[PDB]
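Report on the following structure.
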Amino acid sequence: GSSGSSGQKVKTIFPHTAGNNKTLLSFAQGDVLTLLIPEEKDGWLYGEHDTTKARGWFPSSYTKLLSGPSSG
């Protein structure tokens, strides 16, 4: 659902696979990732994958802020 403002959502505009590395999040362009930390790892941002259920590190540049919530 929706509860205030937290764990914003971002959308990947470009693909970026990890490749074994367990420090990068593997996803496809369009995939949505749930943010966890309001801060950024020096540009990089953290979140959770809406697939693998695992969380990785990705460049905020390779992600964009969604446009509206998604309650359901």
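Chains: A, B, ... in order of the structure tokens. Residues: from 1 per chain. Ligands: from 1, in order shown.
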
Item to check | Distance query stretch 38-40 of chain A at most 8 Å, only C-alpha atoms, self and fewer than 5 positions along chain excluded, as a PyMOL selection string | outcome: chain A and resi 6-7+45-46+60

File dump, residues just selected, C-alpha atoms, as a PDB file, in the first residue's frame:
```pdb
ATOM      1  CA  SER A   6       9.625   6.281   2.277  1.00  0.00           C
ATOM      2  CA  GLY A   7      11.500   3.659   0.293  1.00  0.00           C
ATOM      3  CA  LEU A  45      21.748   4.150  -4.693  1.00  0.00           C
ATOM      4  CA  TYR A  46      20.485   1.070  -2.892  1.00  0.00           C
ATOM      5  CA  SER A  60      21.477   6.604  -9.441  1.00  0.00           C
TER       6      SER A  60
END
```

6 Å contact set for residue A:9, only C-alpha atoms, chain neighbours under 5 positions out, as an mmCIF file with C-alpha atoms, in the first residue's frame:
```
data_model
loop_
_atom_site.group_PDB
_atom_site.id
_atom_site.type_symbol
_atom_site.label_atom_id
_atom_site.label_comp_id
_atom_site.auth_asym_id
_atom_site.auth_seq_id
_atom_site.Cartn_x
_atom_site.Cartn_y
_atom_site.Cartn_z
ATOM 1 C CA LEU A 33 13.578 -1.216 -7.518
ATOM 2 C CA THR A 34 12.491 -0.203 -4.037
ATOM 3 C CA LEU A 35 14.815 2.219 -2.288
ATOM 4 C CA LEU A 66 9.083 6.949 -10.597
#
```

Next on the checklist: One decimal, in Å: what's the spacing between atom CA of residue A:11 and atom CA of residue A:41?
Outcome noted: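 So the answer is 17.7 Å.
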
Checklist entry - Could you write out, as a PyMOL selection string, all the residues of chain A that DSSP marks as strand (DSSP E)? => result chain A and resi 9-12+32-35+44-49+55-59+63-65

Item to check | Among the residues A:56, A:43, A:72, A:30, the one that comes closest to residue A:14 [using only C-alpha atoms] | outcome: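 Ranked by minimum distance to residue A:14, first place goes to A:30.
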
Next on the checklist: I'd like the contact shell of residue A:25 - 9 Å cut-off, only C-alpha atoms, skipping same-chain residues fewer than 5 positions apart - returned as a ChimeraX atom specification.
Outcome noted: /A:16-18,46-49,54-58

Once you have the residues from the selection above, write them out as a JSON list (two decimals), in the first residue's frame, restricted to C-alpha atoms.
```json
[["chain", "number", "residue", "atom", "x", "y", "z"],
["A", 16, "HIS", "CA", 23.12, -3.19, -15.98],
["A", 17, "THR", "CA", 23.89, -6.75, -14.96],
["A", 18, "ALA", "CA", 26.09, -7.72, -12.04],
["A", 46, "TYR", "CA", 20.49, 1.07, -2.89],
["A", 47, "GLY", "CA", 17.16, -0.72, -3.12],
["A", 48, "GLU", "CA", 15.37, -4.04, -3.49],
["A", 49, "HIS", "CA", 14.67, -5.89, -6.71],
["A", 54, "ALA", "CA", 17.69, -9.43, -3.39],
["A", 55, "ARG", "CA", 19.11, -5.95, -2.96],
["A", 56, "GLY", "CA", 22.17, -4.64, -4.76],
["A", 57, "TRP", "CA", 24.00, -1.41, -5.52],
["A", 58, "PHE", "CA", 23.22, 0.64, -8.61]]
```
